[PDB]
Structure formats: C-alpha cells, structure tokens
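Residues take their numbers from the sequence shown, with the count starting at 1. Quick note: numbers below take in every heavy atom, side chains included, and nothing from hydrogens, waters or symmetry partners. Indexing begins at 1, ligand by ligand and atom by atom, following the structure's order.
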Amino acid sequence: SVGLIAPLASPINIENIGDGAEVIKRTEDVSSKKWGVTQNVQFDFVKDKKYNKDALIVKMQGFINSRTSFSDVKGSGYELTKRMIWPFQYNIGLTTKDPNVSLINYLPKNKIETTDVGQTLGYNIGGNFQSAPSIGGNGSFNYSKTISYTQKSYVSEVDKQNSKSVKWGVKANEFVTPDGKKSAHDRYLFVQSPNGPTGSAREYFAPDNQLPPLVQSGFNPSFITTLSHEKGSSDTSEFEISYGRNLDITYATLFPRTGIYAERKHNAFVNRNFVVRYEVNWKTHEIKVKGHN
Ligand SMILES: NC(=O)CN(CC(=O)O)CC(=O)O
C-alpha cells in the first residue's frame, strides 16, 4: 500500500481545476414577463488538454411561476361556477439544433419521486464524468456541479433523453388535503364550498396554506445536461432551452343547498413553454442569446 506517500490533493470567471485544465464559467439570465419564467442558466466550458472534445456543462435554474389563477366564469347561468387554472406539469428541456453537438449526460438521469431532489455531476481530467443521486460524501472530482430542488406532491420524470435532446416533466402526483390524501387525477382536488353564496372565486378553492409550493408559488428548476462538441467541426453551435407548463382547469359549481359539483379539464393547455435559443462559441468559450427572449 502507498496511500501515505500519495501526491497532495491540492498541490498548487475561470477556475483552475488541475494541471492543464480549467473551467470557463458563463451565465445567462433570460426572463419573460408574458410567460412568467426566468431562465437562470450556468454554462461551464471544460477546457482540458487531456480531453479530445470540447464540453459544456449546462445547469438550468431559475423560476417557473405556477400561474395558478382563481376566476369567475363569465356568462349567464355560470354565476356560481368558478375556475382554477393550475400547473399539472412543469416542463424543462434542452434541444440541440446543430449536428456538431450531442448530450452526454443528464441530471436527474432517472425518475425521482422524493420531495427533495439533490444530485451531483463530477468531472475528472481526461474526459471522465460521473453522476451520483446524492449531495456530499461522494468520490474525488477535479470539478463538480450539483442540482437541488423541492417538488412536494410532484414527481420528476425523464420524458425524453437522447443524443440531441432532453426533456424532464415535474408532474402532479398526490396531495395532502383536510379531507385526506388525493390523487392528482381526482376531479375534486382543490375544490371547496365558499363561506357564503356571494363568496369570491378564490373561496371556491383550497386556501394557500393547503396548496403546496408547486401549485401556490411555482417551481425553481435545477437540472443539468452536458453538451459534447466533436473538434474540427464548426466553432459555433445552437441549442434551445425550454421552460414551461401543462395546465389543467378545475371547475367548481356551488349548488348552495347541496354543495360543490366539480369538473376537471385535464391537459387543457399543453407545452405552454418559454423557449430561448442560445449559441455556443467553442473557440472563444462564449454564449450568446439568439434573438433574445
Ligand atoms: N400548440 C400545439 O399545437 C401543441 N398542443 C397544444 C395543446 O394541446 O395545448 C396541441 C398539439 O399540437 O397536439
């Protein structure tokens, strides 16, 4: 054994990650007021003399407002019918738009149903990427990036994962209510009788203190994918990052002397996403937003 006479772990913007390698860190913050989305993206170029390919670790963060709304339904005969529009699923995806780039890793890589999601992408010099479905107490990497998000009552699925694109869906699953657990497909999910016959639209639905954050507020994504570039090919590549929602409609009609009658319009508005196009310049190690927003 020779663990005692090993080299030092640390023998010695842009971060030096070891001999002949550095990470050039770029960021883009693109928001849409109309979409209620903020894409806060980190783009880390792995510049390594011992890795025959250029690599870009893309960490997708930011915010997707739930856009949950509670409204009157206009029209005679609908005075006692109210509508709640809410996100059944949050969509996060990255699609490559040029043949000279491919995706070589994705986090989360598998479906995850825990309330807390915390994972790590590690990089070791010479092109070695590794992933762990946990944070802390992992191996020894030259560089690492983590993802962290909470999805109470929702589950994360890999909807699509290939050399050109990755799509995750953070989908409604099971909710705690004062009347017991309810499935995301229960048509009575979130409805309630208002306090009186003149009760506002908001009163026909579960109060804020009963709605989990992905329904009441929104989602704070935290996802990773690494783009691989075959050297010799074009210095530039384009790709799109999409953040959005699939919305359901819940209708609640009050029959004052009887109670509530509920209806669900499932998948009422699908793939309602904010798409941003970016261009990687592998030569200058730069990112620019195409068209912007
Ligand atoms: N915007 C679209 O065309 C996509 N979707 C829209 C939606 O269902 O909300 C329908 C489809 O094309 O199947």
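Minimum heavy-atom separation, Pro87 to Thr68: CD-OG1, 3.2 Å. Between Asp44 and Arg26, the shortest heavy-atom contact is OD1-N, 4.3 Å.
Shown here, atom 4 (C) of ligand 1 is out of close reach of the protein: none of its heavy atoms lies under 4.0 Å off. In this structure, atom 9 (O) of ligand 1 has a protein heavy-atom contact shorter than 4.0 Å.
In this structure, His266 and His185 have perpendicular ring planes: the angle between them is above 60°, well past the 30° mark. Between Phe223 and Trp168, the ring planes are tilted. Angles from 30° to 60° get that label.
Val270 O, 5.0 Å is the protein heavy atom nearest to atom 1 (N) of ligand 1.
Within ligand 1, the atoms closer than 4.0 Å to a non-hydrogen atom of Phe269 are 9 (O), numbered from 1 in the order shown.
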